[PDB]
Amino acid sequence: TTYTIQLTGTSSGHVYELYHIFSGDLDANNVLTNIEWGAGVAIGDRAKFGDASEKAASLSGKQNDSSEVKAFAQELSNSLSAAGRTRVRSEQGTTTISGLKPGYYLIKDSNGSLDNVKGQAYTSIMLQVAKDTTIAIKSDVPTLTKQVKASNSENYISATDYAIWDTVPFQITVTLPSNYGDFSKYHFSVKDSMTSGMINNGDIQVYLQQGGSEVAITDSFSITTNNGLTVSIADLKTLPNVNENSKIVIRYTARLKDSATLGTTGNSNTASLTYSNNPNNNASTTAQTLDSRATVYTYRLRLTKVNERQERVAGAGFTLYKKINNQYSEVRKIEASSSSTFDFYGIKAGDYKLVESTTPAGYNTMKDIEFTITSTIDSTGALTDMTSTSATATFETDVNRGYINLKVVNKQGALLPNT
């Protein structure tokens, strides 16, 4: 008679090892009788545990995740033999091992099979009776998601647009693995590349989030800028209210430089978590999550001041307004100079009004131009389209470079005839 173990929640690219711990006879109620040591336990190390039947009897009835069982699992891990080993290549989702001799098996990932492999982790060492059932593998990784607050709402997303006058809030959400409780200690280091075209405001806070509440835990972390923006704690177990269901949230703000990337390329940052990847035998190996990217788009509104003779004209000055409600309020003001060109570097989608606050000598003051910018960002976070339209004016756009160009034509007054 042989048996089957099926592991759910498995990933591709693993080699699971089953070590035969106890032999015996399994009945219909999954009671194991006539127990001897399997070949999975090294003959030399069997004396340390004693008689097999009595050792089985000592554990009989104890809960699945009790302390006595997990202690035996760890002790066994140091007492294994290849003579009772079955190795199986993993599959994504479900991994099945059949043709097993009756009895008790220890399951683990193969030693060194996952070193420096991103987004993976060694399973907590399992003990299973082979009994034709499916069991969830006791293996899981933390996740990290980097997001930025939407320009036009409170919700956080992968990509948005912002202006030079805005504060740009970022949020990094970390989940912990379901088997966080099995670790004696847990290395936790978040690295963020930060954004090339932005200045970090240095207002970083860390939060323990669970049960609909947040507690600031910022002082427990080492926050450095020697190698990206790194938020680290040597051992997250030192924070005793952090558990498998806890979320760690990092929030900071930033502002665009006036050299920020314009258009479709955008201003991106990547972040990843470095985490303890093996809960067994107080291992201190680490692995990294895949990068999580956020992107911030911005544009450049250029005015070119000309007259009807198609000459460039100096001495104009423009005040840009943004509409918050019905209320228009000033965001930028370029005074009159010897320049005929005006760059509002760092503008986003929204409703604006443009006012010629200084008129050049010997020309009519233009009427105010109310206009609207739109950004089309697809669900991948990529900027697809941008527009700029007015009732009483026309713009030229280059969505790739992120240019919005307005030609303002100065008209001279009327030299009126007398009679």
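Residue indices: 1-based, along the sequence shown.
Trainee: Which of the two stretches, 185 to 193 or 314 to 322, shows the higher mean Cα temperature factor in the record?
Mentor: Comparing 185 to 193 with 314 to 322, the higher mean C-alpha B-factor belongs to 314 to 322.
Trainee: Take the C-alpha B-factors listed in the entry for 17 to 25 and for 401 to 409, compute each mean, and give the stretch with the larger one.
Mentor: Taking the mean C-alpha B-factor of 17 to 25 and of 401 to 409, the larger value falls to 401 to 409.
Trainee: Which listed residue, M366, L32, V69, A39, has the largest C-alpha temperature factor in the record?
Mentor: Among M366, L32, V69, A39, the PDB entry lists the largest C-alpha B-factor for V69.
Trainee: If you rank the chain by CA B-factor, which third does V168 end up in: lowest, middle or highest?
Mentor: Lowest third of the chain for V168's C-alpha B-factor.
Trainee: Based on the entry's values, in what third of the chain does the Cα temperature factor of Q205 lie: lowest, middle or highest?
Mentor: As the PDB entry reports it, the C-alpha B-factor of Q205 lands in the lowest third of its chain.
Trainee: Please say which third, lowest, middle or highest, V117 falls into when its CA temperature factor is compared across its chain.
Mentor: Highest third.
Trainee: Hey, what third does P279 fall into on Cα B-factor, ranked over its chain?
Mentor: It belongs to the lowest third of the chain when residues are ordered by C-alpha B-factor.
Trainee: Place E91 in the lowest, middle or highest third of its chain's C-alpha B-factors, as listed in the PDB entry.
Mentor: Highest third - that is where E91 ends up once the chain's C-alpha B-factors are sorted.
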